[PDB]
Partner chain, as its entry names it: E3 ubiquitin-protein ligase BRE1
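The chain that follows stands alone, in the form deposited without the partner chain, written as C-alpha cells.
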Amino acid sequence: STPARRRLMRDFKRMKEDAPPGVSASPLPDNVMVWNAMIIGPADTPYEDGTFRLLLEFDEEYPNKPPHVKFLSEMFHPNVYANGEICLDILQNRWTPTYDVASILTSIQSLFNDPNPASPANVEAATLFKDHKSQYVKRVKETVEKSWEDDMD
C-alpha cells in the first residue's frame, strides 16, 4: 500500500456508495492500479443506453498524475480516437489532484451530451455530425448495439 493505492481505495469507497448516475467503476480484486468502468449512453442522445466500457490504468504518481483512460468499446464520437483514447483537457493539461474516478467518469460522460469539440480526435464523426447528422446517428446507434453484443459474450 502506498499513498496512490490508498487514495484509490478512497475513490473506490465513493464509487461503492455514492456512485454518480450512469457511471460505474471498480478495481480488479487483486490490483487497485487497473480499473474497469462503464458509462451508460446518456438520456436523449443517439448514444442512449449504450453500455460503453473503459479501462483506467493508474500509477504511483496518482493523483498528481492522471491515469491512462481509454474506451474498450467501439466508439464514434468526435472526442474519441480510433485506439479508444480520449481527447479531454481534464485528462491532460487541465488535470488537478482533486479529481477522482467519479469526476473522471462524469467528465467523460458529459462529452456524450456535447459532441462539440474544437479539435476532434475522430474527424469523420465531427464532419458527419455537422453535414449528415442522420448518418452520424445511424453510426452512433451502431456502436450502441455493438456495446450490447459485447456483454452477451
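Numbering follows the first chain given and starts at 1.
Form solved in complex with the partner chain: not shown, discussed below.
Shown alone here, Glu48 lies within 4.5 Å of the partner chain in the entry with it bound, counting heavy atoms only. Among heavy atoms of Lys16, some come within 4.5 Å of the partner chain in the entry with it bound.
Among heavy atoms of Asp44, some come within 4.5 Å of the partner chain in the entry with it bound. By the criterion of a heavy atom within 4.5 Å, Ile40 is counted among the residues contacting the partner chain in the entry with it bound. In the entry with it bound, the partner chain lies within 4.5 angstroms of a heavy atom of only one residue of 101-124, namely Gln109.
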